[PDB]
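Novice:
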RNA sequence: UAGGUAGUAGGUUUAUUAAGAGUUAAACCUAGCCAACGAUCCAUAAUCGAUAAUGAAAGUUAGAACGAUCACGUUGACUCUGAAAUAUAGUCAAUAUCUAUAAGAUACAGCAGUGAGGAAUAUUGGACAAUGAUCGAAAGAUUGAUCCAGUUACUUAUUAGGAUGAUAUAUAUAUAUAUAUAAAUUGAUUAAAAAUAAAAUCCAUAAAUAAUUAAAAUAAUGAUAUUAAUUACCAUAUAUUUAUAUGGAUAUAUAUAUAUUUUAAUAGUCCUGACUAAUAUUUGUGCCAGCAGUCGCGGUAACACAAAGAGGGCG
């Protein structure tokens, strides 16, 4: 009782099951999700579900079955709300779900339908990325000042520098698969857009006819090479698993 | 070819494949890995691999050596016997005359 | 190591780091982790039994209990609301490459992210890192093979029979459209199954240029014309500490997750108290 | 991890200490001379001895002065320049002689470098401690200056100003 | 003094066994238990669960 | 409450037999105290405390004891100041973590 | 274990000693010295760290492993040697085995390995290629140090496959696909599931196959070693991870217009009255039979025994 913790039956009320066919052999948790879903289509997907396909206008479409109780089968073309009727014919509701009509403004950027502290960061605009790539390779006014000048965080703008340059390289090489040539457009429209106002080692010797493959490093006795002891915590469960420059997990 | 009362050897602390040698100065009686008189540095057997493109170019993988050039002096002078490798290292690093050559097949 | 009472189990009311609809059902078919009739232990346990299933599902308990770091990073960088501090409990996972790959949405699940890394599809700073255990560091760009990203952000190629069924039903609908137009040609079956091009050429529609739906490109083993993967927006969370470039299928580890007044870089679908109970449990080494 | 290691920045690692090539205080410290020679305080401190107590004869009554090695003087006493010129007419012999003087020159440098280490130890650190003397007086520099609110504490000055205990005057006791 | 666990034993005077730790709570004397699975002691039959503690190899099937 | 999260200063109120010894902790240190003190702290607001109960951990008494500590041995900063005739200060914000 | 101590306590003067001292040896004085803040005596134990474990910290434990110190090489003593050894030597004795009778030889606490003891701990391996060590002017000789592999889940670590999916039929851009034909397992009579669980689809890689070939080391020499990796017809270098272009490799029908080896998947184990996460029930038994850290549980519907379903742990 004080703990119990059983099946995760939908928190919201959902049409249950009764006097099942002896062969029906069915489950409630299945019918529930089944209603969160809509009569499967030939194509095999679900022509209708509050959020079946994908958004297309910078406004994200995060699950809000909280505000809308549970009914979540809007029309594909008329974007018109429906609900399941006694016999089993999809049809409109007699009461506006409320709130879902005037969804709290910012709330739209609240991915999880619980944590009120996780918010999707609006995508960056093409112009920002374009203008930003040029600013560096033109004068590169202090990224620190330019980031302040452009809101974006200091390591934010600098990250774009590498991305845009790589994007440009890809554009020149046209590597960008016809897929990305479109897919990206859908991502650009699943989230919003920001920027709206608001003397080192020993080797000085002749490196020709000799070479310092056996390169070195100067140091001072006392604080230098390996130590006698350092119980190799290799039989313990916190070993130092460094990664080879080549690309291989390698022990410290 | 480099043995005497005071010597400079390579302590073994590296694992398999890459047993990083440790340029250490120890007495002849003292064992190689036995706490040496002083640790000049560590000489990796495998040259630290450089960028594969750099490897294709003039750049060559270079072993990382912690050898303390100024420190060996106190020993070279007093009179230690650096391992042939260390001997060569000193010769190549300019620590001592290249003529410290032992005229081996090298 | 990937089954239990089911990872995508409507009965197992636990969210996973995935984009699957059985996992999605549990995203919406769930209220706050029940914590009003439980004692400290049961309160801690419910949290763990729930946070882990999403925050570090693949990793083992022994590993996590060693990976979890008591001290957390929450100093709100240049940014009054209260900083969700204990929401950075599983920040170490967000730091990990495999977890961050799901955050970059270049893999359907963190498990698929691990596989993509294992395949060598994941390359960090141009280095083909095949270790999902690797922990990404500030300024570490992590890129996944575009085809793998397409697989993660696109539907899978249907069986040739399924493609024919979709077309033949659509062809019947097309015939109905023509018949309805009259009021206002069916293709074969076994013959179509004989050869994919034969069926593709025979099944031609205004949109179908002599191809079959889902198998428009036989060479591609992904649905064609790359039907975008569904149930993506429900889990479409893009971290500010993780740069993401779907266009180039590239991502960059900008910085370690940093909590801010009413904001946490950690993508946590669990409440701060839920994270708190789990965090408290791990603080005493899962006691 | 050893709680000891932890104290020394966790990662520590015990290492045989590298003794400086200079083995003893040098003659290049003519103040160290009197520093380790000038009269000892034979008083409360055991340093020194008791004048009345006759020390056991055959024993240095006071602490023996540590010998001050002359770096340059010894340098050659240890390794002086060969007497003949190229007495050798054999190459290997000349190479061994050169390899040789080469090893002496490093010892010559080591002694001088170690002396320089001792020199700055009683020179650079000394003039760097001078800045400590002046830098410390800065602790009370900003503090001693009258702070806006100092009248509050300075309110019972009379109590300390008044003689708390004046005992009794000579005649004042006499009458008693 | 030991205690034999499981429902079925092969206690034959002069057998050799492997003694383990544990109280018998009821038997006010047996402060040491024995292992149903070593020496001459056996493994309960059809023992379907907790087999290890009670000695038994995955009852295999055809 | 101090900074609306933890107690003002380390306390040691002894209620009947229970000897509670709660200590204020840095912002972040979660709720680390006896189950009961946790639920009181959960409802009071304290979200950063730490302590221990010695002689007699009388569950209920711990609860009466805890709220008694919060009201008896937790003088706010103002009081300390007005009373002593001075003004104590807060330095953590003067740094803006 | 309450009194201990007579070279003991100190003093002086000799012997020897690199050398001070009852340190020995010697000689002679004096009466001390230690002790209930534990003497003397007995028992146990190799010691320790910047090593390992546990905790909040003080600490607490260990002593395998890393490394430092000691001490011993069957026992005892002594002796020579020798800077330094009561030397894993020698000497004589002691204990126990052999050449088969020596004023003999051996003593595995060097590496393998055997028997024993024990709950319990490995190959009668390969190489001197590396790093050292001894001999030698050098040539290079030796090296069970050492480096390598073998056995052993003892430890750590990493991997151990995703995506998608609750039937199957027959008819008839989009969009409310639309009827019908049925069937349709394990529970179950509804908030009682098992169950996306299986299944086909689907997608890869591990491996399998060519190709390959780094680096430990070079002057050469690599024991390991089926090398590690890379690696997919190739070079050729392109260009940017990448690409096109060239020839050869290989290409059919009748030289080129392209192909360009193949490819999987699989967990147990403990618990489910409370402590302590584990509600879908049911069954058998009958204070027996068993379980049980602790509370206890078993005599007529046992959540605690023994099971089934269902489930929760660790992996």
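Residue numbers (full-length UniProt numbering), protein chains in the order written: chain A, 26 to 223, 292 to 345; chain B, 1 to 106; chain C, 2 to 80, 88 to 192, 384 to 486; chain D, 1 to 176; chain E, 92 to 153; chain F, 210 to 306. Note that beta-carbon positions come from the ideal geometry of N, C-alpha and C, so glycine has one too.
So with CB distances below 9 Å, who are the chain B contacts of residue 16 of chain D?
Specialist: Counting from 1 along the fourth chain, the entry for residue 16 of chain D is found at position 16. Here the neighbours are 35, 36, 37, 38 and 39.
Novice: Pick helix, strand or coil for residue 171 of chain A, following the three-state DSSP scheme.
Specialist: Within the first chain, the letter at position 146 stands for residue 171 of chain A. Looking at residue 171 of chain A - three-state DSSP - the assignment turns out to be helix.
Novice: Quick check on DSSP: helix, strand or coil for residue 108 of chain A?
Specialist: Taking the first chain and counting its residues from 1, the one referred to as residue 108 of chain A is at position 83. Correct three-state label for residue 108 of chain A: strand.
Novice: Grouping DSSP H, G and I as helix and E and B as strand, with all else coil, what is residue 116 of chain E?
Specialist: Residue numbering aside, residue 116 of chain E sits at position 25 when the fifth chain is read from its first letter. DSSP places residue 116 of chain E in coil when its eight states are reduced to three.
Novice: Using only alpha-carbon positions, find the residue among C:420, C:169, C:473 and C:149 that is nearest to residue 440 of chain C.
Specialist: Position 241 of the third chain, counted from the first residue, corresponds to residue 440 of chain C. Per the Cα distances, C:149.
Novice: I'd like the list of long-range same chain contacts for residue 146 of chain C, defined as Cβ closer than 8 Å, with 5 residues on each side in sequence excluded.
Specialist: Here residue 146 of chain C refers to the residue found at position 138 when the third chain is read from its first residue. The answer, listed in chain order, is 452, 453, 454 and 455.
Novice: Taking only three categories from DSSP, how would you classify residue 122 of chain D?
Specialist: The residue given as residue 122 of chain D occupies position 122 in the fourth chain. Of the three classes helix, strand and coil, the one that applies to residue 122 of chain D here is helix, per DSSP.
Novice: Which of the residues in the region 297-327 of chain A, read from start to end, lie with their CB under 7 Å from any CB of chain D?
Specialist: If the cut-off is 7 Å between Cβ atoms, the region 297-327 of chain A has 314, 315, 320, 321, 322 and 323 near chain D.
Novice: Say whether chain A places a C-beta atom closer than 8 Å to the C-beta of residue 13 of chain D.
Specialist: As a position in the fourth chain, residue 13 of chain D is number 13, starting the count at 1. Chain A, which has a Cβ nearer than 8 Å to the Cβ of residue 13 of chain D, makes this yes.
Novice: Output needed in chain order: residues of the region 16-30 of chain B with a Cβ under 8 Å from some Cβ in chain D.
Specialist: Of all residues in the region 16-30 of chain B, none has a Cβ within less than 8 Å of some Cβ in chain D.
Novice: Going by alpha carbons, who is nearest to residue 318 of chain A out of D:12, D:19, D:130 and D:33?
Specialist: As a working mapping, residue 318 of chain A is identified with position 225 in the first chain. Nearest option by C-alpha distance: D:12.
Novice: With a cut-off of 8 Å, does the C-beta of residue 98 of chain D fall near any C-beta of chain B?
Specialist: Numbered from 1 along the fourth chain, position 98 holds the residue referred to as residue 98 of chain D. So, interface residue.
Novice: Going by DSSP in three states, residue 244 of chain F sits in which element: helix, strand or coil?
Specialist: Counting from one through the sixth chain, the residue named residue 244 of chain F turns up at place 35. Helix.
Novice: In chain order, what residues of the region 122-155 of chain A put their CB closer than 8 Å to some CB of chain C?
Specialist: The region 122-155 of chain A vs chain C, Cβ under 8 Å: 136, 137, 138, 139, 140, 141, 142, 143, 144, 145, 146 and 148.
Novice: I'd like to know whether the C-beta atoms of residue 386 of chain C and residue 176 of chain C end up nearer to each other than 8 Å.
Specialist: Residue 386 of chain C sits at position 187 when you count from the first residue of the third chain. Residue 176 of chain C sits at position 168 when you count from the first residue of the third chain. Contact flag set, yes.
Novice: According to the neighbour-count rule (16 or more other Cβ atoms, all chains shown, within 10 Å of its Cβ), is residue 406 of chain C buried or exposed?
Specialist: Here residue 406 of chain C refers to the residue found at position 207 when the third chain is read from its first residue. With fewer than 16 Cβ atoms within 10 Å of its Cβ, residue 406 of chain C is classed as exposed.
Novice: Chain A partners of residue 427 of chain C, CB-CB under 9 Å?
Specialist: Stepping through the third chain from its first residue, residue 427 of chain C is reached at position 228. Here the neighbours are 78, 79, 208 and 211.
Novice: My guess is that residue 62 of chain B and residue 41 of chain B are in contact by the Cβ rule of under 8 Å, so how many angstroms apart are they, rounded?
Specialist: The residue labelled residue 62 of chain B in the question sits at position 62 within the second chain. The residue labelled residue 41 of chain B in the question sits at position 41 within the second chain. That belief does not hold up - the Cβ atoms of residue 62 of chain B and residue 41 of chain B are roughly 15 Å apart, past 8 Å.
Novice: Using the rule of at least 16 other Cβ atoms within 10 Å of the residue's Cβ for burial, across every protein chain shown, is residue 90 of chain A buried or exposed?
Specialist: Numbered from 1 along the first chain, position 65 holds the residue referred to as residue 90 of chain A. Residue 90 of chain A comes out buried.
Novice: Consider the Cβ of residue 79 of chain B: report whether some Cβ of chain D lies at a distance smaller than 8 Å.
Specialist: Taking the second chain and counting its residues from 1, one reaches residue 79 of chain B at position 79. Taking Cβ atoms only, chain D reaches closer than 8 Å to residue 79 of chain B, which makes this a yes.
Novice: Listed in chain order, which residues of the region 79-103 of chain A have Cβ atoms closer than 7 Å to some Cβ of chain C?
Specialist: Answer in chain order: 79, 80, 85, 86, 87, 88 and 90.
Novice: Can you tell me the Cα-Cα spacing of residue 294 of chain A and residue 70 of chain B, whole angstroms?
Specialist: As a position in the first chain, residue 294 of chain A is number 201, starting the count at 1. As a position in the second chain, residue 70 of chain B is number 70, starting the count at 1. Residue 294 of chain A and residue 70 of chain B: Cα-Cα distance of roughly 13 Å.
Novice: Measuring CB to CB, does residue 143 of chain C end up less than 8 Å from residue 104 of chain C?
Specialist: In the third chain, counting from the first residue as 1, residue 143 of chain C sits at position 135. In the third chain, counting from the first residue as 1, residue 104 of chain C sits at position 96. Cβ atoms of residue 143 of chain C and residue 104 of chain C: closer than 8 Å.
Novice: How about residue 295 of chain A: is its C-beta nearer than 8 Å to some C-beta of chain B?
Specialist: The residue given as residue 295 of chain A occupies position 202 in the first chain. Yes, residue 295 of chain A lies at the interface with chain B (some Cβ there is under 8 Å from its Cβ).
Novice: Out of C:30, C:47, C:25 and C:419, point me to the one whose CA is closest to residue 164 of chain C's CA.
Specialist: On the third chain, position 156 is the one that residue 164 of chain C refers to. Ranking C:30, C:47, C:25 and C:419 by Cα distance to residue 164 of chain C puts C:419 first.
Novice: Verify the CB distance criterion: does residue 57 of chain C have a CB-CB separation below 8 Å to chain A?
Specialist: To locate residue 57 of chain C, count along the third chain from 1; it is residue 56. No, because no Cβ of chain A sits closer than 8 Å to the Cβ of residue 57 of chain C.
Novice: At what residue ranges does the region 238-303 of chain F contain a whole run of the beta strand (DSSP E), taking only runs of 3 or more?
Specialist: Correct list: 258-262.
Novice: Output, in sequence order along the chain, the residues in the region 468-479 of chain C whose CB is closer than 7 Å to any CB in chain F.
Specialist: Residues passing the 7 Å Cβ filter: 475, 478 and 479.
Novice: Quick check on the DSSP output: the beta strand (DSSP E) that includes residue 89 of chain D runs from which residue to which?
Specialist: If you number the fourth chain from 1, residue 89 of chain D lands on position 89. Per DSSP, residue 89 of chain D belongs to no beta strand (DSSP E) and is neither H nor E.
Novice: Would residue 11 of chain B pass as an interface residue toward chain D - the criterion being a Cβ-Cβ separation below 8 Å?
Specialist: Locating residue 11 of chain B in the second chain gives position 11, counting from the first residue. It does not; no Cβ of chain D falls within 8 Å.
Novice: Would you kindly report the start and end of the unbroken alpha helix (DSSP H) that includes residue 160 of chain D?
Specialist: Indexing the fourth chain from 1 puts residue 160 of chain D at position 160. Element bounds for residue 160 of chain D: 157-161.
Novice: Less than 7 Å between C-beta atoms, sequence neighbours within five positions excluded: which residues of the same chain meet that for residue 72 of chain A?
Specialist: Translated into the one-based positions of the first chain, residue 72 of chain A becomes position 47. Counting only Cβ-Cβ distances below 7 Å, and skipping sequence neighbours, we find 63, 66 and 101.
Novice: Specify the secondary structure class of residue 200 of chain A as computed by DSSP and reduced to three states.
Specialist: Your numbering for residue 200 of chain A matches position 175 in the first chain. It is coil, neither helix nor strand.
Novice: Kindly list, in the order they appear in chain D, the residues whose Cβ is closer than 7 Å to that of residue 99 of chain B.
Specialist: If you number the second chain from 1, residue 99 of chain B lands on position 99. By Cβ distance, chain D contributes 95, 98 and 99.
Novice: Closer than 7 Å between beta carbons: that is the criterion. Which residues of the region 16-30 of chain D meet it against chain B?
Specialist: Answer in chain order: 16, 18 and 21.
Novice: Which of the three DSSP states, helix, strand or coil, is assigned to residue 251 of chain A?
Specialist: Within the gap of chain A, which runs from 223 to 292, lies residue 251 of chain A, and it has no coordinates in the structure.
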